[PDB]
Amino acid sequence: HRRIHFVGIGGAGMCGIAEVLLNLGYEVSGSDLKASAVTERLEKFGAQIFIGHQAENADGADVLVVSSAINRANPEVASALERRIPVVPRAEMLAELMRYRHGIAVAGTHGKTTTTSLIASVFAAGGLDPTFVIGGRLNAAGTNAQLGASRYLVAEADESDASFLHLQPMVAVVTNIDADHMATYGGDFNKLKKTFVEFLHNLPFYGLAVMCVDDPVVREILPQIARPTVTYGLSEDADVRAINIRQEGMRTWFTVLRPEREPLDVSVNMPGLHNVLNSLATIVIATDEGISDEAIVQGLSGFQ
């Protein structure tokens, strides 16, 4: 399959996915109701844009991507369904971009967005210009370059998303396991816990699981993970730990301890132990990736 057609390509979760597919070398087409600067940029990058939804727009396409559910009202979708052209939801296409890059999946019930942003900030301070996904929207710091150009893709992994168990990361964080999305799993918390184990087991044997052991449920499933693991938290037995937490204004300072490394003083410009924890998760991923202490310190403290 080589040509991908987006129905409603100007949509805010859609243009980013189309841009990354352009960057990967695919043929990309899309349709929208009104021309925009979004569809202008995509056309500049090689996308064939159609204005208005007519079934002839889906000709040549090997797969269709749609904004929400398969609403067969739209003629392009109906024409693809008739020809047995697969129609995948936006979130599934987004999730599969990780197979082409060194993917860092940030899972957990709370803190996915801030941790994803802190990781992106540290990797960028290291010159790695990563593409990152928060709230289904693809981002990167350097405006002019195409999304997906970087080796690295950092994405939120939401346990209530249909594509949760189809991410293929190299590294996965689990910040915490709460019951917010029990309904996704038949209102059963034990089923939810087992899904996070299944998720971590989608890492390859050379992958890395980053586990917050201050959360009691993360700590509970830890011995089930048959993948390389680094634990973090304020707990005294964690591999990567924060001590001597203090404040100077709205900035939090602390010392991070790491195996086989000297203590490193670090600050973040957000209050609360939950942001100390977001930073520790970041420090673990950046350390394992080989990023310098200077880029770690600059990425964390320069984060707005």
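One-based numbering along the sequence shown.
Engineer: Find out whether the coordinates of residue 68 are absent in at least a third of the other compared PDB entries of the same protein.
Structural biologist: Yes; at least one third of the other entries leave residue 68 out.
Engineer: What about residue 117, left without coordinates in a third or more of the other entries of this protein that model its neighbours?
Structural biologist: Negative; every one of those entries includes residue 117.
Engineer: Of the two stretches 78-86 and 213-221, which shows the higher Cα B-factor on average in the entry?
Structural biologist: Mean B over CA atoms: larger for 78-86.
Engineer: Tell me which of 185-193 and 102-110 has the higher mean C-alpha B-factor in the deposited entry.
Structural biologist: Averaged over C-alpha atoms, the B-factors run higher in 185-193.
Engineer: Which of these, 18, 281, 296, 12, has its C-alpha atom at the highest B-factor, as the entry lists it?
Structural biologist: Largest recorded C-alpha B-factor: 12.
Engineer: Highest Cα B-factor in the PDB entry belongs to which of 155, 118, 171, 141?
Structural biologist: Of 155, 118, 171, 141, 141 has the highest C-alpha B-factor.
Engineer: Name the third of the chain's ranked CA B-factors that contains residue 238, choosing lowest, middle or highest.
Structural biologist: Lowest third of the chain for residue 238's C-alpha B-factor.
Engineer: Looking at the C-alpha B-factor of residue 96, is it in the lowest, middle or highest third of its chain?
Structural biologist: Highest third, going by the recorded CA B-factors of the chain.
Engineer: Please place residue 151 in the lowest, middle or highest third of its chain by C-alpha B factor as given in the entry.
Structural biologist: Bottom third by C-alpha B-factor.
Engineer: Quick one: classify residue 254 as lowest, middle or highest third of the chain based on its Cα B-factor.
Structural biologist: As the PDB entry reports it, the C-alpha B-factor of residue 254 lands in the middle third of its chain.
Engineer: Split the chain's modelled residues into thirds by Cα B-factor; is residue 273 in the lowest, middle or highest one?
Structural biologist: Middle third.
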